[PDB]
Amino acid sequence: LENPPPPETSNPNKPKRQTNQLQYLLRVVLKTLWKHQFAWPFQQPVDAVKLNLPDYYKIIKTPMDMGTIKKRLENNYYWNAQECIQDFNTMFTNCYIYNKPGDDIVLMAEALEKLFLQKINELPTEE
Ligand SMILES: CCS(=O)(=O)Nc1cc(-c2cn(C)c3c(=O)[nH]ccc23)cc2c1ccn2C(C)(c1ccccn1)c1ccccn1
């Protein structure tokens, strides 16, 4: 099985804006998670071909990863902060669907999710 193409990260047919919360999502939230020890498996799409995971995209139909999220932020793909937060939540939940509770990769995702929720509790004031 091939890998799927990565999620779209630019779309010139969508209106674009910078906002306090989107800037925070890139410069604080994504930045903090990216530098975490456990971030590395989540910095690019799951490369099922490389990892020999023939069953991954058989069940994960909304793949998401922080590299995609970073690119989306950098390309002003998101209008609302919730659209970005939803992508982080999808990334975590994919991990909790494919892998058994308590597995290494799940424990990595849970640590990142705890940190993510902490930083989301500090989102700046909306315009
Ligand atoms: C940067 C993304 S990548 O695809 O190129 N590299 C890796 C990704 C992933 C990966 C990411 N996600 C979200 C999952 C998941 O949900 N289940 C299983 C594997 C993975 C794991 C990668 C690796 C590399 C080694 N590995 C490991 C060593 C791995 C896992 C499975 C098969 C082969 N190698 C790995 C790393 C951490 C914890 C456990 N295993």
# chains A, B, ... in the order shown; residues from 1 in each chain; ligands from 1
$ residues_near_ligand --ligand "ligand 1" --cutoff "10 Å" --atoms "only C-alpha atoms and all ligand atoms" --output "ChimeraX atom specification"
/A:38-53,56,60,63-67,91-100,103-109
$ select_by_dssp --residues "chain A" --states "alpha helix (DSSP H)" --output "MDAnalysis selection string"
chainID A and resid 20:24 31:35 48:51 56:59 66:74 81:98 104:120
$ closest_residue --among "A:34, A:70, A:76, A:81" --to "residue 125 (chain A)" --atoms "only C-alpha atoms"
A:81
$ closest_residue --among "A:82, A:75, A:18, A:11" --to "residue 123 (chain A)" --atoms "only C-alpha atoms"
A:82
$ residues_around --residues "residue 69 (chain A)" --least-positions-apart "2" --cutoff "9 Å" --atoms "only C-alpha atoms" --output "VMD selection string"
chain A and resid 9 26 30 64 to 67 71 to 74 84 87 to 88
$ write_last_selection --atoms "N, CA, C and O atoms" --output "PDB file, in the first residue's frame"
ATOM      1  N   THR A   9      -2.123  21.913   2.899  1.00  0.00           N
ATOM      2  CA  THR A   9      -1.562  22.902   3.797  1.00  0.00           C
ATOM      3  C   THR A   9      -1.642  24.322   3.270  1.00  0.00           C
ATOM      4  O   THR A   9      -1.394  25.234   4.037  1.00  0.00           O
ATOM      5  N   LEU A  26       0.814  29.279  16.913  1.00  0.00           N
ATOM      6  CA  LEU A  26       2.053  28.952  16.197  1.00  0.00           C
ATOM      7  C   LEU A  26       3.254  29.211  17.116  1.00  0.00           C
ATOM      8  O   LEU A  26       4.120  28.343  17.294  1.00  0.00           O
ATOM      9  N   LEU A  30       2.388  25.448  19.284  1.00  0.00           N
ATOM     10  CA  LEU A  30       3.105  24.527  18.399  1.00  0.00           C
ATOM     11  C   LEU A  30       4.581  24.537  18.794  1.00  0.00           C
ATOM     12  O   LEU A  30       5.201  23.480  18.921  1.00  0.00           O
ATOM     13  N   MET A  64      -3.339  13.380  10.851  1.00  0.00           N
ATOM     14  CA  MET A  64      -2.891  14.716  11.147  1.00  0.00           C
ATOM     15  C   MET A  64      -1.609  14.608  11.961  1.00  0.00           C
ATOM     16  O   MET A  64      -1.385  13.641  12.718  1.00  0.00           O
ATOM     17  N   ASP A  65      -0.786  15.619  11.823  1.00  0.00           N
ATOM     18  CA  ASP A  65       0.516  15.663  12.473  1.00  0.00           C
ATOM     19  C   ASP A  65       0.935  17.125  12.665  1.00  0.00           C
ATOM     20  O   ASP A  65       0.379  18.043  12.040  1.00  0.00           O
ATOM     21  N   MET A  66       1.933  17.359  13.488  1.00  0.00           N
ATOM     22  CA  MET A  66       2.326  18.748  13.805  1.00  0.00           C
ATOM     23  C   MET A  66       3.045  19.414  12.642  1.00  0.00           C
ATOM     24  O   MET A  66       3.059  20.669  12.615  1.00  0.00           O
ATOM     25  N   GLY A  67       3.701  18.665  11.774  1.00  0.00           N
ATOM     26  CA  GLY A  67       4.329  19.305  10.629  1.00  0.00           C
ATOM     27  C   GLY A  67       3.273  19.940   9.735  1.00  0.00           C
ATOM     28  O   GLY A  67       3.446  21.059   9.243  1.00  0.00           O
ATOM     29  N   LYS A  71       2.628  23.987   8.965  1.00  0.00           N
ATOM     30  CA  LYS A  71       2.484  24.516   7.628  1.00  0.00           C
ATOM     31  C   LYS A  71       1.139  25.221   7.459  1.00  0.00           C
ATOM     32  O   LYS A  71       1.074  26.300   6.823  1.00  0.00           O
ATOM     33  N   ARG A  72       0.085  24.632   7.990  1.00  0.00           N
ATOM     34  CA  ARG A  72      -1.221  25.274   7.884  1.00  0.00           C
ATOM     35  C   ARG A  72      -1.148  26.651   8.551  1.00  0.00           C
ATOM     36  O   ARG A  72      -1.692  27.622   8.020  1.00  0.00           O
ATOM     37  N   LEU A  73      -0.579  26.768   9.750  1.00  0.00           N
ATOM     38  CA  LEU A  73      -0.477  28.055  10.440  1.00  0.00           C
ATOM     39  C   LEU A  73       0.355  29.021   9.599  1.00  0.00           C
ATOM     40  O   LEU A  73      -0.065  30.175   9.420  1.00  0.00           O
ATOM     41  N   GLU A  74       1.487  28.546   9.105  1.00  0.00           N
ATOM     42  CA  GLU A  74       2.394  29.413   8.351  1.00  0.00           C
ATOM     43  C   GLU A  74       1.742  29.915   7.049  1.00  0.00           C
ATOM     44  O   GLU A  74       2.087  30.989   6.548  1.00  0.00           O
ATOM     45  N   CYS A  84      -7.601  24.895  14.133  1.00  0.00           N
ATOM     46  CA  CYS A  84      -6.263  24.441  14.497  1.00  0.00           C
ATOM     47  C   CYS A  84      -6.309  23.509  15.703  1.00  0.00           C
ATOM     48  O   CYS A  84      -5.657  22.427  15.722  1.00  0.00           O
ATOM     49  N   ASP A  87      -7.363  20.100  14.780  1.00  0.00           N
ATOM     50  CA  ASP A  87      -6.285  19.307  14.167  1.00  0.00           C
ATOM     51  C   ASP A  87      -5.363  18.716  15.231  1.00  0.00           C
ATOM     52  O   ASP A  87      -5.024  17.512  15.144  1.00  0.00           O
ATOM     53  N   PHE A  88      -5.019  19.462  16.275  1.00  0.00           N
ATOM     54  CA  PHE A  88      -4.231  18.854  17.335  1.00  0.00           C
ATOM     55  C   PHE A  88      -5.013  17.721  17.998  1.00  0.00           C
ATOM     56  O   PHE A  88      -4.480  16.630  18.233  1.00  0.00           O
TER      57      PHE A  88
END
$ residues_around --residues "residue 28 (chain A)" --least-positions-apart "5" --cutoff "9 Å" --atoms "only C-alpha atoms" --output "ChimeraX atom specification"
/A:23,33,119
$ atom_distance --atom1 "CA of residue 17 (chain A)" --atom2 "CA of residue 124 (chain A)"
16.2 Å
$ atom_distance --atom1 "CA of residue 126 (chain A)" --atom2 "CA of residue 19 (chain A)"
7.7 Å
$ closest_residue --among "A:127, A:86, A:29, A:14" --to "residue 112 (chain A)" --atoms "only C-alpha atoms"
A:29
$ decode --residues "region 23-55 of chain A" --atoms "N, CA, C and O atoms" --output "PDB file, in the first residue's frame"
ATOM      1  N   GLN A  23      -1.720  33.452  16.113  1.00  0.00           N
ATOM      2  CA  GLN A  23      -0.311  33.734  16.347  1.00  0.00           C
ATOM      3  C   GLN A  23       0.184  32.961  17.573  1.00  0.00           C
ATOM      4  O   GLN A  23       1.273  32.385  17.536  1.00  0.00           O
ATOM      5  N   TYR A  24      -0.605  32.918  18.635  1.00  0.00           N
ATOM      6  CA  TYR A  24      -0.256  32.175  19.838  1.00  0.00           C
ATOM      7  C   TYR A  24      -0.137  30.681  19.558  1.00  0.00           C
ATOM      8  O   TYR A  24       0.804  30.002  20.033  1.00  0.00           O
ATOM      9  N   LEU A  25      -1.063  30.180  18.760  1.00  0.00           N
ATOM     10  CA  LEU A  25      -1.044  28.745  18.433  1.00  0.00           C
ATOM     11  C   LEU A  25       0.274  28.419  17.763  1.00  0.00           C
ATOM     12  O   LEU A  25       0.738  27.285  17.918  1.00  0.00           O
ATOM     13  N   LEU A  26       0.814  29.279  16.913  1.00  0.00           N
ATOM     14  CA  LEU A  26       2.053  28.952  16.197  1.00  0.00           C
ATOM     15  C   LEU A  26       3.254  29.211  17.116  1.00  0.00           C
ATOM     16  O   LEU A  26       4.120  28.343  17.294  1.00  0.00           O
ATOM     17  N   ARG A  27       3.328  30.336  17.684  1.00  0.00           N
ATOM     18  CA  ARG A  27       4.511  30.827  18.356  1.00  0.00           C
ATOM     19  C   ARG A  27       4.644  30.329  19.779  1.00  0.00           C
ATOM     20  O   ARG A  27       5.778  30.361  20.309  1.00  0.00           O
ATOM     21  N   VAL A  28       3.602  29.920  20.416  1.00  0.00           N
ATOM     22  CA  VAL A  28       3.677  29.359  21.758  1.00  0.00           C
ATOM     23  C   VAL A  28       3.284  27.881  21.768  1.00  0.00           C
ATOM     24  O   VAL A  28       4.028  27.041  22.307  1.00  0.00           O
ATOM     25  N   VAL A  29       2.070  27.533  21.310  1.00  0.00           N
ATOM     26  CA  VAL A  29       1.585  26.183  21.492  1.00  0.00           C
ATOM     27  C   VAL A  29       2.389  25.235  20.605  1.00  0.00           C
ATOM     28  O   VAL A  29       2.964  24.268  21.142  1.00  0.00           O
ATOM     29  N   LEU A  30       2.388  25.448  19.284  1.00  0.00           N
ATOM     30  CA  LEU A  30       3.105  24.527  18.399  1.00  0.00           C
ATOM     31  C   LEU A  30       4.581  24.537  18.794  1.00  0.00           C
ATOM     32  O   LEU A  30       5.201  23.480  18.921  1.00  0.00           O
ATOM     33  N   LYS A  31       5.150  25.710  19.042  1.00  0.00           N
ATOM     34  CA  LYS A  31       6.573  25.834  19.380  1.00  0.00           C
ATOM     35  C   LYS A  31       6.928  24.988  20.605  1.00  0.00           C
ATOM     36  O   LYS A  31       7.925  24.234  20.604  1.00  0.00           O
ATOM     37  N   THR A  32       6.097  25.068  21.636  1.00  0.00           N
ATOM     38  CA  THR A  32       6.371  24.340  22.881  1.00  0.00           C
ATOM     39  C   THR A  32       6.309  22.849  22.632  1.00  0.00           C
ATOM     40  O   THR A  32       7.137  22.077  23.174  1.00  0.00           O
ATOM     41  N   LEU A  33       5.231  22.405  21.967  1.00  0.00           N
ATOM     42  CA  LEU A  33       5.106  20.961  21.755  1.00  0.00           C
ATOM     43  C   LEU A  33       6.233  20.461  20.871  1.00  0.00           C
ATOM     44  O   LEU A  33       6.754  19.365  21.084  1.00  0.00           O
ATOM     45  N   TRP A  34       6.650  21.225  19.849  1.00  0.00           N
ATOM     46  CA  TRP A  34       7.621  20.814  18.860  1.00  0.00           C
ATOM     47  C   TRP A  34       8.959  20.492  19.515  1.00  0.00           C
ATOM     48  O   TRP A  34       9.640  19.560  19.083  1.00  0.00           O
ATOM     49  N   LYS A  35       9.304  21.272  20.530  1.00  0.00           N
ATOM     50  CA  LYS A  35      10.597  21.116  21.171  1.00  0.00           C
ATOM     51  C   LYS A  35      10.564  20.045  22.253  1.00  0.00           C
ATOM     52  O   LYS A  35      11.613  19.769  22.858  1.00  0.00           O
ATOM     53  N   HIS A  36       9.402  19.472  22.582  1.00  0.00           N
ATOM     54  CA  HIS A  36       9.293  18.437  23.594  1.00  0.00           C
ATOM     55  C   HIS A  36      10.031  17.192  23.105  1.00  0.00           C
ATOM     56  O   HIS A  36      10.100  16.881  21.934  1.00  0.00           O
ATOM     57  N   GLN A  37      10.653  16.484  24.079  1.00  0.00           N
ATOM     58  CA  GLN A  37      11.352  15.245  23.788  1.00  0.00           C
ATOM     59  C   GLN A  37      10.492  14.295  22.967  1.00  0.00           C
ATOM     60  O   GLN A  37      11.047  13.595  22.111  1.00  0.00           O
ATOM     61  N   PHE A  38       9.185  14.254  23.274  1.00  0.00           N
ATOM     62  CA  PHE A  38       8.334  13.233  22.660  1.00  0.00           C
ATOM     63  C   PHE A  38       7.729  13.699  21.321  1.00  0.00           C
ATOM     64  O   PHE A  38       6.896  12.977  20.763  1.00  0.00           O
ATOM     65  N   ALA A  39       8.033  14.897  20.845  1.00  0.00           N
ATOM     66  CA  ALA A  39       7.376  15.451  19.658  1.00  0.00           C
ATOM     67  C   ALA A  39       7.750  14.719  18.387  1.00  0.00           C
ATOM     68  O   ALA A  39       6.994  14.691  17.425  1.00  0.00           O
ATOM     69  N   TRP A  40       8.963  14.096  18.330  1.00  0.00           N
ATOM     70  CA  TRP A  40       9.532  13.715  17.062  1.00  0.00           C
ATOM     71  C   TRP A  40       8.629  12.798  16.226  1.00  0.00           C
ATOM     72  O   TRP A  40       8.575  12.938  15.001  1.00  0.00           O
ATOM     73  N   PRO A  41       7.922  11.767  16.773  1.00  0.00           N
ATOM     74  CA  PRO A  41       7.094  10.959  15.897  1.00  0.00           C
ATOM     75  C   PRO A  41       5.888  11.642  15.309  1.00  0.00           C
ATOM     76  O   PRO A  41       5.275  11.096  14.395  1.00  0.00           O
ATOM     77  N   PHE A  42       5.612  12.826  15.837  1.00  0.00           N
ATOM     78  CA  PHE A  42       4.420  13.598  15.457  1.00  0.00           C
ATOM     79  C   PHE A  42       4.788  14.801  14.592  1.00  0.00           C
ATOM     80  O   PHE A  42       3.878  15.601  14.273  1.00  0.00           O
ATOM     81  N   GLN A  43       6.060  14.972  14.213  1.00  0.00           N
ATOM     82  CA  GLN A  43       6.487  16.144  13.448  1.00  0.00           C
ATOM     83  C   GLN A  43       6.269  16.020  11.939  1.00  0.00           C
ATOM     84  O   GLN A  43       6.470  16.982  11.211  1.00  0.00           O
ATOM     85  N   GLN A  44       5.904  14.845  11.432  1.00  0.00           N
ATOM     86  CA  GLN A  44       5.605  14.650  10.028  1.00  0.00           C
ATOM     87  C   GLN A  44       4.488  13.614   9.976  1.00  0.00           C
ATOM     88  O   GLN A  44       4.227  12.923  10.961  1.00  0.00           O
ATOM     89  N   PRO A  45       3.806  13.443   8.845  1.00  0.00           N
ATOM     90  CA  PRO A  45       2.826  12.376   8.735  1.00  0.00           C
ATOM     91  C   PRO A  45       3.410  10.998   9.032  1.00  0.00           C
ATOM     92  O   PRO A  45       4.594  10.776   8.768  1.00  0.00           O
ATOM     93  N   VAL A  46       2.573  10.096   9.572  1.00  0.00           N
ATOM     94  CA  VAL A  46       2.980   8.705   9.747  1.00  0.00           C
ATOM     95  C   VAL A  46       3.335   8.154   8.378  1.00  0.00           C
ATOM     96  O   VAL A  46       2.507   8.137   7.468  1.00  0.00           O
ATOM     97  N   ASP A  47       4.592   7.705   8.257  1.00  0.00           N
ATOM     98  CA  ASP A  47       5.114   7.175   6.984  1.00  0.00           C
ATOM     99  C   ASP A  47       4.955   5.668   7.066  1.00  0.00           C
ATOM    100  O   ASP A  47       5.825   4.905   7.526  1.00  0.00           O
ATOM    101  N   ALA A  48       3.747   5.217   6.753  1.00  0.00           N
ATOM    102  CA  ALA A  48       3.386   3.821   6.905  1.00  0.00           C
ATOM    103  C   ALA A  48       4.268   2.938   6.025  1.00  0.00           C
ATOM    104  O   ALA A  48       4.504   1.785   6.394  1.00  0.00           O
ATOM    105  N   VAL A  49       4.691   3.421   4.875  1.00  0.00           N
ATOM    106  CA  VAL A  49       5.537   2.626   3.990  1.00  0.00           C
ATOM    107  C   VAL A  49       6.873   2.378   4.693  1.00  0.00           C
ATOM    108  O   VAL A  49       7.304   1.210   4.836  1.00  0.00           O
ATOM    109  N   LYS A  50       7.484   3.444   5.192  1.00  0.00           N
ATOM    110  CA  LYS A  50       8.801   3.326   5.849  1.00  0.00           C
ATOM    111  C   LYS A  50       8.732   2.425   7.074  1.00  0.00           C
ATOM    112  O   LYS A  50       9.655   1.650   7.338  1.00  0.00           O
ATOM    113  N   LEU A  51       7.663   2.570   7.865  1.00  0.00           N
ATOM    114  CA  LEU A  51       7.536   1.870   9.126  1.00  0.00           C
ATOM    115  C   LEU A  51       6.982   0.457   8.947  1.00  0.00           C
ATOM    116  O   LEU A  51       6.843  -0.284   9.919  1.00  0.00           O
ATOM    117  N   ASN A  52       6.569   0.093   7.732  1.00  0.00           N
ATOM    118  CA  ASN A  52       5.891  -1.154   7.455  1.00  0.00           C
ATOM    119  C   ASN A  52       4.668  -1.324   8.356  1.00  0.00           C
ATOM    120  O   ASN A  52       4.485  -2.300   9.077  1.00  0.00           O
ATOM    121  N   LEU A  53       3.749  -0.337   8.261  1.00  0.00           N
ATOM    122  CA  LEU A  53       2.474  -0.359   8.971  1.00  0.00           C
ATOM    123  C   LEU A  53       1.344  -0.419   7.951  1.00  0.00           C
ATOM    124  O   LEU A  53       0.629   0.573   7.755  1.00  0.00           O
ATOM    125  N   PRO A  54       1.076  -1.608   7.378  1.00  0.00           N
ATOM    126  CA  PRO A  54       0.060  -1.757   6.340  1.00  0.00           C
ATOM    127  C   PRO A  54      -1.374  -1.529   6.788  1.00  0.00           C
ATOM    128  O   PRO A  54      -2.241  -1.379   5.943  1.00  0.00           O
ATOM    129  N   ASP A  55      -1.598  -1.428   8.092  1.00  0.00           N
ATOM    130  CA  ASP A  55      -2.931  -1.318   8.614  1.00  0.00           C
ATOM    131  C   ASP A  55      -3.226   0.102   9.060  1.00  0.00           C
ATOM    132  O   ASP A  55      -4.356   0.374   9.425  1.00  0.00           O
TER     133      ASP A  55
END
